[PDB]
Amino acid sequence: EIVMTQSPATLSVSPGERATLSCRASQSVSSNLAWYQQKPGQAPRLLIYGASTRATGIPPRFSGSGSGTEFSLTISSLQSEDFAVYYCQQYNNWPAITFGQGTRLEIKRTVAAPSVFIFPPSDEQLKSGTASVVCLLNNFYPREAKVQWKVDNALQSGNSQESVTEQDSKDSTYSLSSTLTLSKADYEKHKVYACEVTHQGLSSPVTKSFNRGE
Amino acid sequence: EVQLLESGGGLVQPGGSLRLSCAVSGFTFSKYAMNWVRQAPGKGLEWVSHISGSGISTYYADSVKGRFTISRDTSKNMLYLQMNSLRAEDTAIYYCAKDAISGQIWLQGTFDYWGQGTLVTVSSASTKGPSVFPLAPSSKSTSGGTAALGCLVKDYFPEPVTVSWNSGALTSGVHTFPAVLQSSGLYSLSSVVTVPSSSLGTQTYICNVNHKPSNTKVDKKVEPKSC
């Protein structure tokens, strides 16, 4: 098999600028190379074939170049909806089609601070014997963020899980949820539940909190 | 308008069998050869199988050789993948993909239309429907700012669940988080939306949760709680 390598696997390119993505082949594949764009939750869409020919309906700011073993995909005037994983694929050795493992292109927009919300567990879930406390960080950039749980001003470790949305196709921001999971018995031992958020567009950390009964 | 519609994916025991279907509309089916391409969770694309436009010629990747069978019924615009002796490494989203240029080998190796894909999960774990709980907005400050509300979809297997708001009316500002695999081995996710703080009590907010693997459809209405 011909091994296709896309390195680096991630790139962060500012909007309006030019992003160059790399794809390299273990042997010559001539011009039998294609590029696909896969947005989150969607099937791949064909961008380039023949290593330089644009598929139908693909705007000309997408450009493919190269031959043999070295190839590039150039996206000019980078836009927020260009966030995706881009795959190169050789079809020289048909039908032994092989893909590169893809490069994820992040849109490097300006810093945006998160809006922070805290949600107490519902009483419906409380009957079932478990309490889920959800802290939300909404529409921030960059992705890096620290979320800390304080239960009666005591640090919580090992009892929370985080989930992050894909970069938004419109405003290029991220959103994140932290979920604290405790037993109803352990939920009812303590009083103060606080979510402390540290991030780059916040000068000092933001805390949102509630008290169990009130 | 070309449309490829995969169907038949689901939860199946290791060693079991499953047959996938791809409904085809919007072009001359006989003119084009067809492919199956799969994608494991969080992984890349892997070509699996190819069938010629006539149907005489079939090809398979080594990883599925002797276990998968591609077939077509050009009469009724259908493409099939028969999957036998399934393993955990076969768990993936399976895409139906149409070749670009009609002809044969000289013009093949490129896919210009793809289906939305169907998920195949190879596991011995049991199907389990989720519980839906509200993420009630509270202490909505300034009455002209923005408040956050949502739904917590907890303890289900297998993937996926879908969440909409107000039957797909409320679309702007909705963030449906990727599912998280909990310590129990069940999945859980949250869907949240940010809305005008003054609409609380004026507009009702309902999250429509669908977990098709367990035949679970739930509408949960989210309101501010007392005190």
# chains A, B, ... in the order shown; residues from 1 in each chain; ligands from 1
>>> interface_residues(of="chain B", to="chain A", cutoff="7 Å", atoms="only C-alpha atoms", output="number ranges by chain")
B: 44-47, 109, 111-112, 114-116, 133-136, 148, 177-178, 180, 227
>>> residues_around(residues="residue 205 (chain B)", least_positions_apart="2", cutoff="8 Å", atoms="only C-alpha atoms", output="PDB file with N, CA and C atoms, in the first residue's frame")
ATOM      1  N   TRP B 165     -34.647  21.960  19.485  1.00  0.00           N
ATOM      2  CA  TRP B 165     -35.359  22.843  20.396  1.00  0.00           C
ATOM      3  C   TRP B 165     -36.598  23.394  19.708  1.00  0.00           C
ATOM      4  N   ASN B 166     -37.743  23.266  20.380  1.00  0.00           N
ATOM      5  CA  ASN B 166     -39.030  23.739  19.873  1.00  0.00           C
ATOM      6  C   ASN B 166     -39.301  23.203  18.468  1.00  0.00           C
ATOM      7  N   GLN B 203     -41.800  32.974  26.261  1.00  0.00           N
ATOM      8  CA  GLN B 203     -41.654  31.873  25.323  1.00  0.00           C
ATOM      9  C   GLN B 203     -41.331  30.593  26.081  1.00  0.00           C
ATOM     10  N   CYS B 207     -37.002  20.873  24.606  1.00  0.00           N
ATOM     11  CA  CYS B 207     -35.964  20.136  23.900  1.00  0.00           C
ATOM     12  C   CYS B 207     -36.522  18.793  23.446  1.00  0.00           C
ATOM     13  N   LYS B 221     -39.791  20.114  28.720  1.00  0.00           N
ATOM     14  CA  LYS B 221     -39.999  21.551  28.767  1.00  0.00           C
ATOM     15  C   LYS B 221     -39.189  22.146  29.913  1.00  0.00           C
ATOM     16  N   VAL B 222     -38.483  23.239  29.627  1.00  0.00           N
ATOM     17  CA  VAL B 222     -37.525  23.833  30.553  1.00  0.00           C
ATOM     18  C   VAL B 222     -38.069  25.181  31.001  1.00  0.00           C
ATOM     19  N   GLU B 223     -38.247  25.337  32.305  1.00  0.00           N
ATOM     20  CA  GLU B 223     -38.750  26.552  32.925  1.00  0.00           C
ATOM     21  C   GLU B 223     -37.888  26.926  34.117  1.00  0.00           C
TER      22      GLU B 223
END
>>> closest_residue(among="B:102, B:188, B:39, B:69", to="residue 152 (chain B)", atoms="only C-alpha atoms")
B:188
>>> residues_around(residues="residue 31 (chain A)", least_positions_apart="3", cutoff="7 Å", atoms="only C-alpha atoms", output="PyMOL selection string")
chain A and resi 50-51+67-68
>>> write_last_selection(atoms="C-alpha atoms", output="PDB file, in the first residue's frame")
ATOM      1  CA  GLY A  50      -6.160  15.307 -10.491  1.00  0.00           C
ATOM      2  CA  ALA A  51      -4.123  17.157  -7.852  1.00  0.00           C
ATOM      3  CA  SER A  67       2.841  15.927  -8.319  1.00  0.00           C
ATOM      4  CA  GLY A  68       4.762  12.753  -7.592  1.00  0.00           C
TER       5      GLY A  68
END
>>> residues_around(residues="region 137-147 of chain B", least_positions_apart="2", cutoff="7 Å", atoms="only C-alpha atoms", output="list in words")
residues 135, 149, 194, 195, 196, 197, 198 and 224 of chain B
>>> write_last_selection(atoms="C-alpha atoms", output="mmCIF file, in the first residue's frame")
data_model
loop_
_atom_site.group_PDB
_atom_site.id
_atom_site.type_symbol
_atom_site.label_atom_id
_atom_site.label_comp_id
_atom_site.auth_asym_id
_atom_site.auth_seq_id
_atom_site.Cartn_x
_atom_site.Cartn_y
_atom_site.Cartn_z
ATOM 1 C CA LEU B 135 -31.077 22.705 32.972
ATOM 2 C CA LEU B 149 -31.037 26.902 29.598
ATOM 3 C CA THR B 194 -28.775 31.071 25.098
ATOM 4 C CA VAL B 195 -31.883 33.246 24.801
ATOM 5 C CA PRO B 196 -32.998 36.787 25.625
ATOM 6 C CA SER B 197 -33.388 37.118 29.388
ATOM 7 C CA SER B 198 -36.750 38.869 28.912
ATOM 8 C CA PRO B 224 -37.268 28.564 35.789
#
>>> select_by_dssp(residues="region 6-191 of chain A", states="strand (DSSP E)", output="number ranges by chain")
A: 10-13, 19-25, 33-38, 45-49, 53-54, 62-67, 70-75, 84-90, 98-99, 103-107, 115-119, 130-140, 146-151, 160-164, 174-183
>>> select_by_dssp(residues="region 63-111 of chain B", states="helix (DSSP H, G or I)", output="mmCIF file with N, CA, C and O atoms, in the first residue's frame")
data_model
loop_
_atom_site.group_PDB
_atom_site.id
_atom_site.type_symbol
_atom_site.label_atom_id
_atom_site.label_comp_id
_atom_site.auth_asym_id
_atom_site.auth_seq_id
_atom_site.Cartn_x
_atom_site.Cartn_y
_atom_site.Cartn_z
ATOM 1 N N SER B 63 -8.916 -5.641 5.022
ATOM 2 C CA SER B 63 -9.456 -5.669 6.377
ATOM 3 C C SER B 63 -10.879 -6.211 6.434
ATOM 4 O O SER B 63 -11.324 -6.625 7.510
ATOM 5 N N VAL B 64 -11.600 -6.218 5.314
ATOM 6 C CA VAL B 64 -12.956 -6.748 5.255
ATOM 7 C C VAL B 64 -13.086 -7.915 4.290
ATOM 8 O O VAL B 64 -14.191 -8.442 4.121
ATOM 9 N N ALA B 88 -15.015 -5.641 16.780
ATOM 10 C CA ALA B 88 -15.062 -4.313 17.384
ATOM 11 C C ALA B 88 -14.427 -3.266 16.475
ATOM 12 O O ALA B 88 -14.896 -2.124 16.410
ATOM 13 N N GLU B 89 -13.364 -3.638 15.759
ATOM 14 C CA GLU B 89 -12.698 -2.703 14.860
ATOM 15 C C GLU B 89 -13.544 -2.349 13.644
ATOM 16 O O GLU B 89 -13.160 -1.451 12.888
ATOM 17 N N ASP B 90 -14.668 -3.032 13.432
ATOM 18 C CA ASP B 90 -15.603 -2.661 12.380
ATOM 19 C C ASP B 90 -16.559 -1.556 12.804
ATOM 20 O O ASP B 90 -17.306 -1.050 11.959
ATOM 21 N N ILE B 105 -11.884 1.799 -15.037
ATOM 22 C CA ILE B 105 -10.728 1.998 -14.164
ATOM 23 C C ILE B 105 -10.014 3.312 -14.442
ATOM 24 O O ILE B 105 -9.609 4.016 -13.509
ATOM 25 N N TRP B 106 -9.841 3.639 -15.728
ATOM 26 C CA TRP B 106 -9.150 4.859 -16.139
ATOM 27 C C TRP B 106 -9.739 6.112 -15.493
ATOM 28 O O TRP B 106 -9.016 7.085 -15.257
ATOM 29 N N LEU B 107 -11.043 6.111 -15.199
ATOM 30 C CA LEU B 107 -11.732 7.295 -14.689
ATOM 31 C C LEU B 107 -12.235 7.113 -13.259
ATOM 32 O O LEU B 107 -13.185 7.790 -12.857
#
>>> atom_distance(atom1="CA of residue 23 (chain A)", atom2="CA of residue 43 (chain B)")
17.2 Å
>>> residues_around(residues="region 17-32 of chain B", least_positions_apart="3", cutoff="9 Å", atoms="only C-alpha atoms", output="number ranges by chain")
B: 1-10, 12-14, 52-55, 74-86, 94-96, 98-103, 115, 118, 120
>>> write_last_selection(atoms="C-alpha atoms", output="mmCIF file, in the first residue's frame")
data_model
loop_
_atom_site.group_PDB
_atom_site.id
_atom_site.type_symbol
_atom_site.label_atom_id
_atom_site.label_comp_id
_atom_site.auth_asym_id
_atom_site.auth_seq_id
_atom_site.Cartn_x
_atom_site.Cartn_y
_atom_site.Cartn_z
ATOM 1 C CA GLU B 1 -30.137 16.811 -6.907
ATOM 2 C CA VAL B 2 -28.106 13.706 -6.071
ATOM 3 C CA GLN B 3 -29.072 12.022 -2.792
ATOM 4 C CA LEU B 4 -27.393 9.051 -1.105
ATOM 5 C CA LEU B 5 -29.289 7.679 1.905
ATOM 6 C CA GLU B 6 -27.567 5.081 4.076
ATOM 7 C CA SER B 7 -29.637 2.894 6.384
ATOM 8 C CA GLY B 8 -29.426 -0.293 8.417
ATOM 9 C CA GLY B 9 -26.627 0.561 10.841
ATOM 10 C CA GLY B 10 -27.024 -0.228 14.508
ATOM 11 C CA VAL B 12 -24.768 -5.787 16.781
ATOM 12 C CA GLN B 13 -23.010 -8.499 18.772
ATOM 13 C CA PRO B 14 -19.388 -9.388 17.973
ATOM 14 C CA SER B 52 -18.651 -1.558 -10.882
ATOM 15 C CA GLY B 53 -21.539 0.180 -12.608
ATOM 16 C CA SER B 54 -22.599 -3.076 -14.252
ATOM 17 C CA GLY B 55 -22.094 -4.980 -10.993
ATOM 18 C CA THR B 74 -29.937 -0.970 -10.297
ATOM 19 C CA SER B 75 -33.625 -1.693 -10.952
ATOM 20 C CA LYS B 76 -34.665 -0.011 -7.687
ATOM 21 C CA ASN B 77 -31.622 2.273 -7.162
ATOM 22 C CA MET B 78 -30.200 0.402 -4.173
ATOM 23 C CA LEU B 79 -26.673 -0.339 -2.961
ATOM 24 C CA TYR B 80 -26.004 -2.963 -0.295
ATOM 25 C CA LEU B 81 -23.218 -4.052 2.040
ATOM 26 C CA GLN B 82 -23.608 -7.448 3.711
ATOM 27 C CA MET B 83 -21.405 -7.574 6.816
ATOM 28 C CA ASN B 84 -20.581 -10.891 8.500
ATOM 29 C CA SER B 85 -18.405 -11.908 11.461
ATOM 30 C CA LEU B 86 -18.319 -8.348 12.757
ATOM 31 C CA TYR B 94 -20.325 3.724 7.014
ATOM 32 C CA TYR B 95 -20.592 6.071 4.031
ATOM 33 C CA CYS B 96 -22.121 5.325 0.650
ATOM 34 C CA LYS B 98 -20.575 7.468 -5.755
ATOM 35 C CA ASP B 99 -17.707 7.556 -8.251
ATOM 36 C CA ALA B 100 -17.039 10.815 -10.066
ATOM 37 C CA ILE B 101 -16.765 10.082 -13.802
ATOM 38 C CA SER B 102 -18.658 7.329 -15.565
ATOM 39 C CA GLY B 103 -16.483 4.798 -17.347
ATOM 40 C CA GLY B 115 -24.243 9.953 1.929
ATOM 41 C CA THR B 118 -24.981 5.199 9.169
ATOM 42 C CA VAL B 120 -22.473 0.464 13.142
#
>>> residues_around(residues="residue 157 (chain A)", least_positions_apart="6", cutoff="12 Å", atoms="only C-alpha atoms", output="list in words")
residues 147, 148, 149, 150, 151, 179, 180, 181 and 182 of chain A
>>> closest_residue(among="B:66, B:117, B:129, B:150", to="residue 220 (chain B)", atoms="only C-alpha atoms")
B:150
>>> atom_distance(atom1="CA of residue 80 (chain A)", atom2="CA of residue 41 (chain B)")
24.5 Å
>>> residues_around(residues="residue 35 (chain B)", least_positions_apart="2", cutoff="6 Å", atoms="only C-alpha atoms", output="ChimeraX atom specification")
/B:49-50,97
>>> write_last_selection(atoms="N, CA, C and O atoms", output="compact mmCIF listing (two decimals), in the first residue's frame")
# COMPACT_ATOMS: atom_id res chain seq x y z
N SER B 49 -15.00 -1.03 0.09
CA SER B 49 -15.47 -1.88 -1.00
C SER B 49 -15.86 -1.04 -2.20
O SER B 49 -16.20 0.14 -2.06
N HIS B 50 -15.82 -1.67 -3.37
CA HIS B 50 -16.19 -1.02 -4.63
C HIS B 50 -16.89 -2.03 -5.53
O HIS B 50 -16.49 -3.19 -5.62
N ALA B 97 -20.73 6.05 -1.22
CA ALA B 97 -20.01 7.03 -2.01
C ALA B 97 -20.07 6.67 -3.49
O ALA B 97 -19.78 5.54 -3.87
>>> atom_distance(atom1="CA of residue 110 (chain B)", atom2="CA of residue 75 (chain A)")
20.6 Å
>>> decode(residues="region 61-82 of chain A", atoms="N, CA, C and O atoms", output="PDB file, in the first residue's frame")
ATOM      1  N   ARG A  61     -10.678  29.968  -4.421  1.00  0.00           N
ATOM      2  CA  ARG A  61      -9.703  30.166  -3.356  1.00  0.00           C
ATOM      3  C   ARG A  61      -9.165  28.851  -2.806  1.00  0.00           C
ATOM      4  O   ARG A  61      -8.167  28.866  -2.079  1.00  0.00           O
ATOM      5  N   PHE A  62      -9.797  27.727  -3.134  1.00  0.00           N
ATOM      6  CA  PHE A  62      -9.244  26.407  -2.857  1.00  0.00           C
ATOM      7  C   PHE A  62      -8.371  26.001  -4.037  1.00  0.00           C
ATOM      8  O   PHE A  62      -8.853  25.926  -5.171  1.00  0.00           O
ATOM      9  N   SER A  63      -7.090  25.749  -3.780  1.00  0.00           N
ATOM     10  CA  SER A  63      -6.158  25.435  -4.856  1.00  0.00           C
ATOM     11  C   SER A  63      -5.291  24.252  -4.459  1.00  0.00           C
ATOM     12  O   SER A  63      -4.738  24.226  -3.356  1.00  0.00           O
ATOM     13  N   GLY A  64      -5.171  23.285  -5.360  1.00  0.00           N
ATOM     14  CA  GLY A  64      -4.320  22.121  -5.161  1.00  0.00           C
ATOM     15  C   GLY A  64      -3.124  22.175  -6.095  1.00  0.00           C
ATOM     16  O   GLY A  64      -3.242  22.610  -7.244  1.00  0.00           O
ATOM     17  N   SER A  65      -1.973  21.727  -5.594  1.00  0.00           N
ATOM     18  CA  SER A  65      -0.739  21.771  -6.363  1.00  0.00           C
ATOM     19  C   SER A  65       0.139  20.590  -5.975  1.00  0.00           C
ATOM     20  O   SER A  65      -0.024  19.992  -4.908  1.00  0.00           O
ATOM     21  N   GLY A  66       1.072  20.263  -6.856  1.00  0.00           N
ATOM     22  CA  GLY A  66       2.038  19.212  -6.619  1.00  0.00           C
ATOM     23  C   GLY A  66       1.841  18.028  -7.551  1.00  0.00           C
ATOM     24  O   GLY A  66       0.840  17.900  -8.256  1.00  0.00           O
ATOM     25  N   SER A  67       2.847  17.158  -7.540  1.00  0.00           N
ATOM     26  CA  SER A  67       2.841  15.927  -8.319  1.00  0.00           C
ATOM     27  C   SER A  67       3.925  15.016  -7.764  1.00  0.00           C
ATOM     28  O   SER A  67       4.840  15.464  -7.067  1.00  0.00           O
ATOM     29  N   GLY A  68       3.809  13.728  -8.081  1.00  0.00           N
ATOM     30  CA  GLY A  68       4.762  12.753  -7.592  1.00  0.00           C
ATOM     31  C   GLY A  68       4.494  12.343  -6.159  1.00  0.00           C
ATOM     32  O   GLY A  68       3.552  11.594  -5.886  1.00  0.00           O
ATOM     33  N   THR A  69       5.323  12.829  -5.233  1.00  0.00           N
ATOM     34  CA  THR A  69       5.183  12.501  -3.822  1.00  0.00           C
ATOM     35  C   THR A  69       4.827  13.686  -2.936  1.00  0.00           C
ATOM     36  O   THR A  69       4.380  13.468  -1.806  1.00  0.00           O
ATOM     37  N   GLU A  70       5.009  14.919  -3.404  1.00  0.00           N
ATOM     38  CA  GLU A  70       4.774  16.111  -2.599  1.00  0.00           C
ATOM     39  C   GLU A  70       3.560  16.859  -3.132  1.00  0.00           C
ATOM     40  O   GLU A  70       3.476  17.139  -4.333  1.00  0.00           O
ATOM     41  N   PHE A  71       2.623  17.177  -2.241  1.00  0.00           N
ATOM     42  CA  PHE A  71       1.390  17.852  -2.619  1.00  0.00           C
ATOM     43  C   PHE A  71       1.026  18.883  -1.562  1.00  0.00           C
ATOM     44  O   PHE A  71       1.417  18.768  -0.397  1.00  0.00           O
ATOM     45  N   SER A  72       0.269  19.895  -1.984  1.00  0.00           N
ATOM     46  CA  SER A  72      -0.184  20.947  -1.090  1.00  0.00           C
ATOM     47  C   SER A  72      -1.613  21.331  -1.435  1.00  0.00           C
ATOM     48  O   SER A  72      -2.024  21.280  -2.598  1.00  0.00           O
ATOM     49  N   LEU A  73      -2.371  21.712  -0.409  1.00  0.00           N
ATOM     50  CA  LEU A  73      -3.685  22.318  -0.579  1.00  0.00           C
ATOM     51  C   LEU A  73      -3.634  23.712   0.023  1.00  0.00           C
ATOM     52  O   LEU A  73      -3.327  23.869   1.211  1.00  0.00           O
ATOM     53  N   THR A  74      -3.935  24.718  -0.790  1.00  0.00           N
ATOM     54  CA  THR A  74      -3.846  26.114  -0.386  1.00  0.00           C
ATOM     55  C   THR A  74      -5.245  26.710  -0.348  1.00  0.00           C
ATOM     56  O   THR A  74      -5.964  26.682  -1.353  1.00  0.00           O
ATOM     57  N   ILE A  75      -5.627  27.245   0.806  1.00  0.00           N
ATOM     58  CA  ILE A  75      -6.918  27.897   0.991  1.00  0.00           C
ATOM     59  C   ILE A  75      -6.647  29.376   1.222  1.00  0.00           C
ATOM     60  O   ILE A  75      -6.082  29.760   2.255  1.00  0.00           O
ATOM     61  N   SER A  76      -7.049  30.207   0.267  1.00  0.00           N
ATOM     62  CA  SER A  76      -6.861  31.646   0.364  1.00  0.00           C
ATOM     63  C   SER A  76      -8.107  32.307   0.941  1.00  0.00           C
ATOM     64  O   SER A  76      -9.220  31.783   0.845  1.00  0.00           O
ATOM     65  N   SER A  77      -7.903  33.481   1.538  1.00  0.00           N
ATOM     66  CA  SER A  77      -8.972  34.250   2.175  1.00  0.00           C
ATOM     67  C   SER A  77      -9.756  33.372   3.149  1.00  0.00           C
ATOM     68  O   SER A  77     -10.972  33.211   3.045  1.00  0.00           O
ATOM     69  N   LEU A  78      -9.018  32.790   4.094  1.00  0.00           N
ATOM     70  CA  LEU A  78      -9.585  31.802   5.003  1.00  0.00           C
ATOM     71  C   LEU A  78     -10.784  32.374   5.748  1.00  0.00           C
ATOM     72  O   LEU A  78     -10.727  33.483   6.288  1.00  0.00           O
ATOM     73  N   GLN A  79     -11.870  31.609   5.771  1.00  0.00           N
ATOM     74  CA  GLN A  79     -13.123  32.030   6.374  1.00  0.00           C
ATOM     75  C   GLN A  79     -13.480  31.105   7.529  1.00  0.00           C
ATOM     76  O   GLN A  79     -12.992  29.975   7.624  1.00  0.00           O
ATOM     77  N   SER A  80     -14.348  31.605   8.414  1.00  0.00           N
ATOM     78  CA  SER A  80     -14.693  30.864   9.623  1.00  0.00           C
ATOM     79  C   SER A  80     -15.357  29.530   9.305  1.00  0.00           C
ATOM     80  O   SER A  80     -15.195  28.563  10.059  1.00  0.00           O
ATOM     81  N   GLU A  81     -16.101  29.453   8.204  1.00  0.00           N
ATOM     82  CA  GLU A  81     -16.747  28.203   7.827  1.00  0.00           C
ATOM     83  C   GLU A  81     -15.801  27.237   7.128  1.00  0.00           C
ATOM     84  O   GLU A  81     -16.239  26.159   6.715  1.00  0.00           O
ATOM     85  N   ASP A  82     -14.526  27.595   6.986  1.00  0.00           N
ATOM     86  CA  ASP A  82     -13.531  26.678   6.448  1.00  0.00           C
ATOM     87  C   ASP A  82     -12.994  25.714   7.497  1.00  0.00           C
ATOM     88  O   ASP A  82     -12.180  24.848   7.154  1.00  0.00           O
TER      89      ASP A  82
END
